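Remarks on the structure that follows.
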Amino acid sequence: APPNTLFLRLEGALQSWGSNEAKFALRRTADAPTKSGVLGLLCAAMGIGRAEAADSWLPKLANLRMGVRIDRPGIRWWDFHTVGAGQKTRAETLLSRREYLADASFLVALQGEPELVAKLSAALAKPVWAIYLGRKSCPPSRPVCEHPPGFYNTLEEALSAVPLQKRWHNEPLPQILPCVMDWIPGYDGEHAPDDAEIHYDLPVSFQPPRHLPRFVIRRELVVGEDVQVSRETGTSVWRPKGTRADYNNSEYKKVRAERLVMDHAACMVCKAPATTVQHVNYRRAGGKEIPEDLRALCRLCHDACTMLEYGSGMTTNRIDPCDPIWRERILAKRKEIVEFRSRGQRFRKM
Amino acid sequence: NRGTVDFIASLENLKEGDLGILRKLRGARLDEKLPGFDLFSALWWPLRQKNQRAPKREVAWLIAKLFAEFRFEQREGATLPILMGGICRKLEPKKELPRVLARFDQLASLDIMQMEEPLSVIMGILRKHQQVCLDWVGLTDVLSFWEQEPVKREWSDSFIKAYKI
Amino acid sequence: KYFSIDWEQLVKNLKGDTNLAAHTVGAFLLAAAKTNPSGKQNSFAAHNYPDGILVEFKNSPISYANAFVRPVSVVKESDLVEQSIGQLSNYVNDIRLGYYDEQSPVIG
Amino acid sequence: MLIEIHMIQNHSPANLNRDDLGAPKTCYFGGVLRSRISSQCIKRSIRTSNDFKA
Amino acid sequence: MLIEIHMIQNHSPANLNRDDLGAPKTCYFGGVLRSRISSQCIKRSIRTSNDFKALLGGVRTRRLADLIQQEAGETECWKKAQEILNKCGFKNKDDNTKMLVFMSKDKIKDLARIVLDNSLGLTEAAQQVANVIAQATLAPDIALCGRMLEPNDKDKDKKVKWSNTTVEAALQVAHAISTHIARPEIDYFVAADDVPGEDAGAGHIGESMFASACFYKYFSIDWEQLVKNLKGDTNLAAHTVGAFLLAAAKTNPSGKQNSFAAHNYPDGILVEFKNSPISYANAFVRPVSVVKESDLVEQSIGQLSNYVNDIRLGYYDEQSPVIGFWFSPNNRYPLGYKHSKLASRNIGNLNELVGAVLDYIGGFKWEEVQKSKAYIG
RNA sequence: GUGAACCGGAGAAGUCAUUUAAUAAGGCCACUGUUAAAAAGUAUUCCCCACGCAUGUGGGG
Ligand SMILES: [Zn+2]
């Protein structure tokens, strides 16, 4: 089946779709992408300049029906923007305020002719020029060409075949999804209904910018009956590995014996029958260590090594007994253990 | 956890001689005196070699010393913020209560090494008000995972819930 | 911080001086890395340097702002910078697992 | 061709952008407040710079 | 050319800077709580010291009429001096106080000779004192901190003409931050009655707050801006640079010092000549934590050396290199862990360090630039 | 090429001064670590290799 509709995902950290009430200094977003807004994004996708687009490309593109579904309705944030005149000639500074929509997501569906939709979707996979969201200081956070086309039906049906993506586990959700749709003719309701508002977003020209009124209707959707909630992919919260060493799984129990044969049953520093193994590099533990990470030791020398690294703040690189810099401290601790230990206490505890 | 429960049971299994051995060593490290190192090793090392999520050496040493000087029976539902909230809502709110609140709030800016003495002060306040129970396991887990934010949030939330009854 | 440069637009702006375009790209790469705003720097003096720059080439534009939808919480064996870079790495891993191939490999 | 540059930059306690009142510029993202340095502030620092003049 | 100074210091339990509540000043860095000394405290405590005495050519006050009155030895013109100052543009804020004016101590004689003159009017007097105030930007302390004087105009009758009263600063001092986490503490005091017979009893526990910290300090001086600020005096600029370094090395903010007495000294001073300013505060995004055997200062210096080596290997360009000297008291604290040395010199005396700094800057000598003496008073 | 493009809210500032937590207290009374042993008058010493095979000699771990 030939494609009928086209899907656009508009979501970023900041975005702003200006309205006609922005006349002198205060620039305001309306609530949602407009027809003239998205049909400058499509025009910049196929590389059509401000001239040569009004006479040819705009009338065919304006012959479309589009609807916007709103999730994360956005929080309006204002910005104090100053333009420095000078740095006519004066040292004056012009002040203005600009409005942005923070943390918003919009799904736009444009329905029309099949091959025009195919050309538009082919253009969106590699846009000719830079693509932003309303103003050039607002890049998208998700790819615009993220959902495939299809031979769907009228805009309410086209705004139901997209899942509602989430981002983390306890992400709050709205039960209602308001949607804004273009009015539809048909000669039964040939006159505009009572609940229809008027928007000035029908583009004709861009360099001497020209906009025409367009009747706009509003509807609603409910999650669970029309749109199914999806789930996030990947991992968001990042934590260091930090694998605590285990002395009970089979892999470490075989690696330890392999190391105890690699050194011929001799403690490394004092050269006595080794009964234990001490790690050096800790960033392999949990059952993935290599025999080169481990060094064989006896009870006295490993107790001295444990004493020497109790509160030293060593995370991954621990004491290496083969290092000839740690020899003196290990020998002194061994002498202290020989002088002060009591075998009776250890024999009594076990 | 299970290493913590076994560690606490082993600590309460001790007698007066070993408790005195641990009591003589308050304010000291682990690699200083041989009898304390031997006792703590013989109490802790089998549990560490069995359970992978046993408490770390510093936390277990701190709980051992605190149990030595401030012997309290292990009970569930008697966490430190709850008892501090129960005590704090009995004094005047002008002079004494801000002082005790500041003493309790000092703990959030300290790491696990420099925390034996403020905890000893808090447990001395608890002992002065005729307390004979404490949750050693929950305190051990909280101290084991301390630099995180949710643990401190739960600590302060439990304190508020006990204070505003 | 995120930046984008259009190569075709820059070349058309210079009408064919590709060496000049490459020199301007290099100059901007140095400048945007070693320049800070001048607001209240005579009393605070925050002359810090980037702790990691990633340059990518792709067809569609994107910004990795969705990586930090969870605010970074600091832990014992880390600092803020390393955790931010780790979250960026996780998001890049997820994107290259999901959005890749289609006869268009990405380059970092 | 579309070259993209991403940077992570930790800053000392400072005040690099201001509102009309004096606070640092902020924004909202992810359910919290985040400090923000505006787009037109960064473009003005890159332009008219001694690095971009040499 | 920029001269940067990075210092590591450790302080005894004290309170060198407090807010409105009396607690020591803190800040947030790296997601943890640090301890802070404000930059305006460091600048004031440096410029008002026994080491910066010869270069204190500026003054900051609202009572300029009192300065005019004390400059003479008669009944003076105190009321009409304040009337003239009101005519100037230093209007009373909400009909109270004045506006801060930074001016040289040299040019007050012109103010005395102009205001007292009776062969003129109030408008011309106001214009003349405005003109001489706008040309009082030649002092070592005004050449570093910079100036910005702007009247509210609410009293500008389009009769007093003003000029370029702003002086671009040459010295940028950062807020000092602790290299570790902040541990504030409360000292408890009771004032005791001297009479042995009290016949009464009541708790009167006071509250004082203090903290001890290891601070990292960062300074920056623009050499080419100092020449323009001082109109082209290389000797005066060199003397100011040397005296500023010597003062910053051996001074502390005079906070609660009669009760704490924390006159400590830095354990490391690194002076570097660069083309673009760089701060090393990112060395301490990970806080310094003490271990079984460590100085706090030694660990902090090791972290600083690690980050300095990383920056030098990372941001390296043969077009403009950086050469720096590292000073420690009798080489007590070497830069690092006796490995990966970076500093081109290892000084062990502060005077030799200042001499080497001046020698690189202009080939001057410290005993030679002391001849450039500013206003002393 | 999108009420869009082109666009710094910027310059500036010591929270300083004053202060004992002081006067007092016994952790006291009671308790076997007891019952047992040849480092030596044996009847196979835990493994490999040279020889002709009358409870055989040499060599090495
Ligand atoms: Zn050994």
ask   = Taking the alpha-carbon centroid of each part, what is the distance from the stretch E:120-144 to the stretch A:171-245 in angstrom?
value = 63 Å
task = Could you give the size of the charge dipole of the stretch E:1-128 about its Cα centre, using +1 on the Cβ of each K and R and -1 on the Cβ of each D and E, expressed in debye and rounded to the nearest 20?
result = 420 debye
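If you put +1 on each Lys and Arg Cβ and -1 on each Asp and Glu Cβ, how big is the dipole of chain E around its Cα centre, in Debye rounded to 20?
I would put it at about 860 debye.
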ask   = What is the set of long-range amide H partners of A:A272 at a cut-off below 5 Å, with H atoms built 1.01 Å from backbone N?
value = A:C267
note = So, with points 7 Å from each Cα along the Cβ direction, the B:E149-A:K23 label distance in nm works out to 4.5 nm
query = In vacuo Debye scattering of chain B, one point per C-alpha: log10 I(q)/I(0) at q = 0.12, 0.14 Å⁻¹?
reply = -0.54, -0.74
key: Mean separation of Cα contacts under 8 Å (6+ apart) over length of the stretch E:238-319, as relative contact order %   = 22 percent
message = Given a 10 angstrom Cα cut-off, can you work out which residue in B:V137, B:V59, B:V151 is the most mobile in a GNM of chain B?
response = B:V151
request  = Name the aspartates and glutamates eligible as straight-distance cross-link partners of E:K98: C-alpha to C-alpha under 17 Å, and not fewer than 8 places from it in the same chain.
outcome  = E:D66, E:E83, E:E150, E:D153, E:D155
query = Which whole-Hz ³J(HN,Hα) couplings does the stretch A:220-226 yield from phi under the Karplus relation 6.51 cos²θ - 1.76 cosθ + 1.60, θ = phi - 60°, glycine and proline marked x?
reply = 9, 9, 10, 5, x, 10, 10
Long pairs among E:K228/E:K371; E:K161/E:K228; B:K95/C:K40; E:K231/E:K274, criterion Cα-Cα beyond 32 Å = B:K95/C:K40
Cross-link pairs beyond the 29 Å C-alpha cut-off, checked among A:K241/B:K15; E:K43/E:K158; D:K53/E:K53; D:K43/E:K159; E:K217/E:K365; E:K25/E:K109 = A:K241/B:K15; E:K43/E:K158; D:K53/E:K53; D:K43/E:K159; E:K25/E:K109
query = How much net charge surrounds E:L335 when only other residues with a Cβ under 14 Å from its Cβ are counted (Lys, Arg +1; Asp, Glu -1)?
reply = +1
note = Sequence order, the stretch A:197-202: Karplus ³J(HN,Hα) from phi using 6.51 cos²θ - 1.76 cosθ + 1.60, θ = phi - 60°, Hz rounded, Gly and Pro as x, gives 9, 10, 10, 9, 9, 9
note = Ranking D:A54, D:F29, D:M7 by how far each Cα lies towards the positive end of the charge dipole of chain D (+1 on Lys and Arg Cβ, -1 on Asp and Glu Cβ), the top one is D:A54
query = How well do other chains shield peptide E:360-372, expressed as the mean number of their Cβ atoms within 10 Å of each residue Cβ?
reply = 0
key: Efficiency of FRET from Cβ geometry, E:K53 and A:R90, R₀ 51 Å, rounded to 0.05   = 0.65
request  = Enumerate the amide H contacts of A:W129 below 5 Å, restricted to partners 5 or more residues apart or on another chain; note that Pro and chain-start residues carry no placed amide H.
outcome  = A:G47
query = Among A:266-278, E:214-226, what's the highest-first ranking by average C-beta atoms within 10 angstrom per residue?
reply = E:214-226, A:266-278
ask   = Using 7 Å Cα-to-Cβ label points, what is the A:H264/A:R327 separation (nm, one decimal)?
value = 2.1 nm
ask   = So what's Rg/Rh here for the stretch E:262-377, counting alpha carbon atoms and using the Kirkwood radius for Rh?
value = 1.02
ask   = For the stretch C:46-108 and the stretch A:67-145, what is the separation of their C-alpha centers, rounded to whole Å?
value = 23 Å
key: the stretch A:1-139 - Kirkwood radius from inverse mean 1/r over Cα pairs (Å)   = 16.7 Å
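Just tell me how shielded A:306-314 is by partners: mean number of partner chain Cβ atoms within 10 Å of each residue's Cβ, no decimals.
Mean shielding by partner chains, rounded to a whole number: 6.
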ask   = In the stretch B:28-157, with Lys and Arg counted as +1 and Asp and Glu as -1 at Cβ, which of these residues, B:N51, B:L39, B:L126, has the Cα nearest the positive end of the dipole, that is, farthest along it?
value = B:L126
inquiry  = Below 21 Å, Cα to Cα, which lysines can B:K90 reach? Residues fewer than 8 away in the same chain don't count.
reply    = B:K128, B:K161, B:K164
key: Among E:22-32, A:247-257, E:167-177, the order from most to least packed when residues are scored by Cβ within 10 Å on average   = E:167-177, E:22-32, A:247-257
task = Positive end of the charge dipole of the stretch E:162-211 (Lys, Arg +1 and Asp, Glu -1 on Cβ, about the Cα centre): tell me which of E:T165, E:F189, E:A176 has its Cα farthest that way.
result = E:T165
task = Please get the size of the charge dipole for chain A, origin at its Cα centre, with Cβ charges of +1 on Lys and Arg and -1 on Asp and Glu, quoted in debye to the nearest 20.
result = 2640 debye
task = Could you tell me whether chain C comes out rounded, prolate or oblate from its Cα gyration tensor? Rule is a ≥ b ≥ c as square roots of the eigenvalues, rounded for a/c under 1.5, then prolate if a/b exceeds b/c, otherwise oblate.
result = oblate
ask   = What nm value, rounded to one decimal, do you get for the distance between B:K90 and C:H23 when each label is placed 7 Å out toward the C-beta?
value = 8.2 nm
task = Let me know the shape class of the protein assembly as shown, please: from the alpha-carbon gyration tensor, a ≥ b ≥ c as square roots of the eigenvalues, rounded when a/c is under 1.5, otherwise prolate if a/b is greater than b/c, or oblate.
result = oblate
ask   = To the nearest whole number, what is the average tally of beta carbon atoms from other chains within 10 Å of the beta carbons of peptide E:310-319?
value = 1
message = Amide H of A:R210 versus every other amide H placed in the peptide plane: which residues, excluding those fewer than 5 positions away on the same chain, fall under 5 Å?
response = A:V204, A:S205
The stretch B:88-129 and the stretch A:256-270: distance between their alpha carbon centers, rounded to Å = 51 Å
query = To the nearest 0.05, what FRET efficiency results for A:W168 and E:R332 with a Förster distance of 51 Å applied to their C-beta separation?
reply = 0.50
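No lab work stands behind these numbers, since they all come straight from the coordinates. Cβ atoms come from the backbone with ideal geometry, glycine included; neighbour counts cover every protein chain shown.
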